[PDB]
There are 6 protein chains.
Amino acid sequence: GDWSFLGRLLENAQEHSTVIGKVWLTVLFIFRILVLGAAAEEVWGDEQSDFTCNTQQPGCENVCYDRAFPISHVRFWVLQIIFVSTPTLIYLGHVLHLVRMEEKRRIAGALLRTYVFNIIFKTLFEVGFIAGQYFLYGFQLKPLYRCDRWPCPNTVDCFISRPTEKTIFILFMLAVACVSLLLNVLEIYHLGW
Amino acid sequence: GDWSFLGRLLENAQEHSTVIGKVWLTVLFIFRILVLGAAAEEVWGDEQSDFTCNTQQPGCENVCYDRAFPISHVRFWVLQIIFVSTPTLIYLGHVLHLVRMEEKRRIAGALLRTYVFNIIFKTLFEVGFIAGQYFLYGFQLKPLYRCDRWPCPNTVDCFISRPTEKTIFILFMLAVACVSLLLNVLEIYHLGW
Amino acid sequence: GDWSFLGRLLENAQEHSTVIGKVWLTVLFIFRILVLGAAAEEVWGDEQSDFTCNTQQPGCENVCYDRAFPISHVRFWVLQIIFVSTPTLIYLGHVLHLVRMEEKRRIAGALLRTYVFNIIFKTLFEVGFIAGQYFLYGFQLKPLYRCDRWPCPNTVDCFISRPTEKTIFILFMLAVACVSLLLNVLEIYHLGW
Amino acid sequence: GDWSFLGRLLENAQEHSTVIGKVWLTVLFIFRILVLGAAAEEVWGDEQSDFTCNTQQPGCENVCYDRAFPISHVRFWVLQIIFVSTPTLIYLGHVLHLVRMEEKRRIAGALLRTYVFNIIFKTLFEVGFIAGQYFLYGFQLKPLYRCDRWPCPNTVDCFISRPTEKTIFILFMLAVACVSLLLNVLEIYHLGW
Amino acid sequence: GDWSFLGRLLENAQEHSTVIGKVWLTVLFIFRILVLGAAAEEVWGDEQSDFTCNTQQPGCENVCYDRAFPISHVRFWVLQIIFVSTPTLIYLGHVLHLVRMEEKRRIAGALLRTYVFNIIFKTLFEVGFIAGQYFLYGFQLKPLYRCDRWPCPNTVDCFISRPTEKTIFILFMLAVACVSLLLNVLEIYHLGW
Amino acid sequence: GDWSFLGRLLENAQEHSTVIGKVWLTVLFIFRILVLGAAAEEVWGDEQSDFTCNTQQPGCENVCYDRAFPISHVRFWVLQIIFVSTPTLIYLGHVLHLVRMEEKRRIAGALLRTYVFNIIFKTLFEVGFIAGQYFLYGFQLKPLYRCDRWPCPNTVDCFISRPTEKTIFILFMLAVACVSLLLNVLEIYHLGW
């Protein structure tokens with residue numbers, strides 16, 4: 001996808017942010033957005049095309065792929081990026097609003113509360129997506145999925161495309177997410193002390 | 001698609017708009033346009049390719065897919081974006097026209113009536129697309145579609161691609177649309193008081 | 001496709017044009033070019049791939065698709081955009097030529113005749129494409145096409161991809177075209193009075 | 001394809017050219033490059049994929065498609081664009097060279113001979129591609145191609161994809177090419193008188 | 001993929017780097033990123049599509065492709081690029097931080113230790129990816145892969161797409177990687193003496 | 001592929017180069033890069049997809065395509081472009097280095113030796129790729145390839161996609177390469193005298 005606009009806004013955000021925040025935005029751009037576009041989207045491109053079920057039943061592969069993958073991992077990661085970035089956009093907008101207010105007439109007062117809330121929201125959204133992915137997929141895609149959804153007769157064996165590569169990238173993104181959490185914790189403590 | 005031109009115009013619009021309007025345009029860019037390009041368009045890419053009907057009848061899958069999905073959701077969302085953005089373009093053009101008039105020789109007088117009408121039109125178009133989608137698709141795509149359109153013999157069972165992911169994104173976009181409504185209401189009240 | 005160059009030229013044209021002309025160019029960019037790229041091109045992407053004929057005859061689907069759709073609607077719309085935009089380019093070039101002439105040494109004299117001719121040509125090309133599409137396709141694509149072109153034996157039944165969505169967009173573009181006509185009429189009268 | 005670089009150079013060329021030359025470059029950009037990218041490339045995309053021959057012989061469709069279309073029309077048009085544009089690049093380079101010479105220390109002297117040669121070369125390359133296409137394809141693609149190339153047994157019937165649309169665009173490009181010839185003739189005469 | 005953002009950051013890095021470092025970044029951009037986008041991604045595009053196993057067993061090709069290629073080479077190279085570039089980003093950020101510090105109030109002191117650590121990390125990540133690829137794939141892809149992973153019955157013969165071209169590019173990238181190592185060694189020694 | 005970065009560097013190179021060198025870079029951009037992107041990449045897109053072998057043997061088409069085309073022509077041309085451009089990058093970097101040296105404190109002295117070496121390297125790499133392609137493919141792709149590589153039983157007949165178009169472009173690129181050689185020879189002599 002085209003992340004250009006979000007890029008513009010977040011680049012603006014870098015200036016009005018802590019050094020650790022600039023590190024966080026670098027991580028977001030490089031290890032999350034760029035990995036997803038350059039590497040992961042191609043991994044998941046044949047997810048349903050090369051999903052195969054051992055059966056002659058029409059409609060079984062469709063319902064089985066749908067039950068195994070209610071949302072694709074890459075779409076989940078898109079949404080995670082958007083939601084962890086939204087607080088930064090809120091804070092940046094409040095900052096620009098105060099600048100416009102000054103013109104009509106760095107981090108302190110209302111902006112400090114807003115920045116702390118921004119880090120907080122980023123952390124909660126962060127953790128939330130991590131836990132949701134754990135409960136939806138664990139952290140390993142196995143090659144076999146056994147499916148008993150109508151119209152499949154009895155239980156059918158279905159086979160995943162590229163499960164090991166997908167597992168590698170699942171874990172890569174989990175690690176990047178954990179690094180982001182650590183960075184946000186560092187921001188909180190660094191402001192505190 | 002390439003939303004660059006609309007982006008230029010709407011970016012211009014941000015300056016000559018209320019803070020809540022800038023929030024609204026941020027939502028439009030991020031949670032509607034970017035989600036559609038980065039996430040949803042891939043979800044709906046195999047909508048007819050992986051639509052399967054249990055029959056040997058030539059032409060049954062075509063007519064059944066057409067009856068189940070007279071317009072694709074993603075195309076509906078494109079049109080919604082365009083029509084909710086058009087009023088903002090009208091107001092921005094009127095503003096630029098007044099600026100040119102001044103050169104030949106912020107929100108008050110004629111521009112205030114135009115801005116209120118802009119919010120109104122945005123709200124009516126907003127609600128209209130919501131209700132139309134409800135009446136066309138509800139808010140859940142089921143995996144089975146039963147089709148009795150000629151040439152299909154008797155009633156045939158047809159199966160949808162990715163119904164659960166599509167439902168997730170249908171609801172995501174409904175929520176984003178409702179948030180937009182709330183923002184427009186806030187604009188009206190904020191101008192009133 | 002990449003409409004960037006035409007965009008540059010037409011953007012230049014906006015400055016040296018009436019307010020109604022700027023509205024017309026906004027309509028062209030948004031409701032014609034952007035709709036075609038973002039929405040319609042995907043609708044028509046599987047036009048021959050998912051065109052199906054009930055027969056075992058080799059070559060029947062090819063000749064039948066060709067007879068049903070001698071030109072694709074989207075290609076027709078491309079050509080319409082180009083030809084309705086060419087007069088504006090002519091006028092803009094004449095304007096720039098007069099500017100260069102001044103440097104060597106707004107709408108009046110020769111430029112006024114050229115601007116009226118520009119509106120006229122735009123209107124005639126407009127109407128011409130509308131009428132031609134009426135006579136080639138009407139304004140509704142039906143799901144069944146009956147084809148008797150060699151080598152098809154006797155008359156064969158062939159089935160269209162996405163006829164209802166295509167009809168929706170056919171009518172959308174017809175409406176946009178009619179709105180353009182109205183705008184050009186307004187330009188003529190507004191200059192007259 | 002990405003014509004950006006050629007675009008930059010030719011845009012430079014516009015300034016150092018006659019008004020008719022600026023018209024010619026507008027035609028090149030709009031009615032040749034943009035049509036090819038936006039419209040024609042999609043028409044010819046399925047040229048071999050949907051080329052069908054009535055036979056069971058392995059390799060017959062490949063050799064028959066190759067004999068019917070030794071070069072694709074769209075590739076021919078690419079090459080035509082490049083070769084008709086090269087003289088303009090030569091002249092522009094000579095102009096820039098004279099400018100650099102002046103700095104070290106409009107159309108007259110050596111530049112006039114170079115400009116006339118540029119128009120001449122453009123005209124000869126123009127006519128040459130026209131005539132070559134006539135002798136290779138005529139100006140109408142018929143739906144049936146009869147092929148007797150080994151390994152096809154005896155003569156086989158093969159069927160073209162989208163012959164009528166292809167014919168429409170063949171003739172469109174022929175007309176654009178003829179218009180270019182007329183413009184070059186006008187340049188020659190306009191300089192003469 | 002779109003490497004634009006990483007490009008911006010690394011371009012910034014060039015200024016605040018040694019001549020050998022500018023050579024290294026030129027190599028990264030040209031012989032690694034550009035080769036991957038322009039050449040290698042097309043080579044590996046049909047890696048699973050044209051992976052063929054001699055069997056009638058459903059699911060055997062999927063599990064066999066997955067066992068032969070747990071990660072694709074091109075994805076490995078993406079990750080290598082990112083990780084060898086991250087140290088340069090760290091150093092550049094520290095440099096910009098010192099510049100901001102100066103404003104609030106070339107290579108020496110803390111920046112020298114950071115630059116040496118940057119070269120070190122680049123070298124260790126470099127070597128690590130080389131060795132890992134050796135242990136995962138060696139440096140030659142053979143055309144035959146023999147697979148005994150469930151559900152494949154007994155041992156099945158599977159056949160690789162484009163093994164010789166893939167081997168050529170594997171070795172090309174190994175050579176480019178070794179050249180990068182040499183450049184980093186030269187940086188270390190050049191700073192030392 | 002995206003040649004933007006190489007384009008930036010080479011554009012820089014134009015300024016610090018001879019007139020014949022600017023011609024050479026124009027040829028590189030237009031007749032090599034642009035032809036490859038706009039025309040040739042589409043010609044070679046179906047090279048394995050539409051490669052057909054007369055056999056029932058699993059794996060025979062894969063090994064036969066691999067033996068006939070160990071590297072694709074278009075990938076060869078990519079690599080040729082990169083390697084003939086690298087010397088120009090070296091010289092440009094040395095030039096920029098001398099400029100930075102001057103700031104700390106056109107073609108003559110060390111730069112003259114470097115420029116001559118640049119032309120030399122360009123010429124040797126040029127000739128080398130030409131000769132290698134001759135020895136790998138000759139200069140004509142025939143439609144029939146006879147393949148006896150295991151697992152193909154005895155000798156099988158395989159058929160090439162688009163051999164005549166491919167031959168046309170092979171010869172086009174050979175001619176462009178020879179023109180480049182001539183230009184480099186002219187540079188050497190022009191500096192000599």
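We name chains A, B, ... by the order of the sequence lines, and we start the count at 1 in each one.
Counting heavy-atom pairs closer than 4.5 Å to chain A, the top residue among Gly93(E), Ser72(E), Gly37(E) is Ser72(E). In terms of heavy-atom pairs under 4.5 Å with chain A, the best-connected choice from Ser4(E), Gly1(E), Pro58(E), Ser49(E) is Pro58(E). For the set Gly59(E), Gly45(E), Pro70(E), the count of heavy-atom pairs under 4.5 angstrom toward chain A peaks at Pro70(E).
Using cut-offs of 30° and 60° on the angle between ring planes, the pair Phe159(A) and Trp150(E) is tilted. A tilted orientation is assigned to the rings of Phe29(A) and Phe5(E), their planes being inclined by 30° to 60°.
Shown here is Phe117(E), whose CZ atom has no more than 12 heavy atoms of other residues, nucleotides or ligands within 6.0 Å. Within 6.0 Å of CZ in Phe121(A) there are 12 or fewer heavy atoms belonging to other residues, nucleotides or ligands.
Remark: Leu96(E) CG to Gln14(A) CD distance equals 9.5 Å, nearest 0.5 Å. With rounding to the nearest 0.5 Å, the separation of CG in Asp2(E) from CG in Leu34(A) is 8.5 Å. We find the CG-CG distance between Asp50(A) and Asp66(E) to be 12.0 Å, quoted to the nearest 0.5 Å. The distance from atom CD1 of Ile30(A) to atom CG of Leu89(E), rounded to the nearest 0.5 Å, is 6.0 Å. With values rounded to the nearest 0.5 angstrom, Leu6(E) atom CG is found 13.0 Å from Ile33(A) atom CD1. Distance check, rounded to the nearest 0.5 Å: CD of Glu61(E) to OG of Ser161(A) gives 12.0 Å.
Contacts between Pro143(A) and chain E at a heavy-atom distance below 4.5 Å involve the side chain alone, from C-beta outward. Within the 4.5 angstrom heavy-atom criterion, only backbone atoms of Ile160(A) (N, CA, C, O) approach chain E. Residue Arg67(E): no heavy atom, backbone or side chain, is found under 4.5 Å from chain A. Of the atoms belonging to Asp157(A), it is side-chain heavy atoms, and not backbone ones, that fall under 4.5 Å from chain E. For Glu11(A), the part sitting under 4.5 Å from any heavy atom of chain E is the side chain, from C-beta outward, and nothing else. Within the 4.5 angstrom heavy-atom criterion, no atom of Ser85(E) approaches chain A. Using a 4.5 Å cut-off between heavy atoms, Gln57(E) touches chain A through its side chain atoms alone.
In this structure, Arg75(E) and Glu42(A) have side chains that are in contact, with non-hydrogen atoms separated by less than 4.5 Å. Within the 4.5 Å cutoff, the side chain of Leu79(E) has no heavy atoms near those of the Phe31(A) side chain.
Under the 4.0 Å criterion applied to side-chain N and carboxylate O atoms, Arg162(A) and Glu47(E) are assigned as salt-bridge partners.
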Open item on the list: For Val35(A) and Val78(E): C-alpha separation, side-chain torsions, deciding distance, then whether side chain to side chain contact (heavy atoms under 4.5 Å, CB included) applies.
Closed with: CA-CA 8 Å; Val35(A) 167; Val78(E) 173; 5.6 Å; no
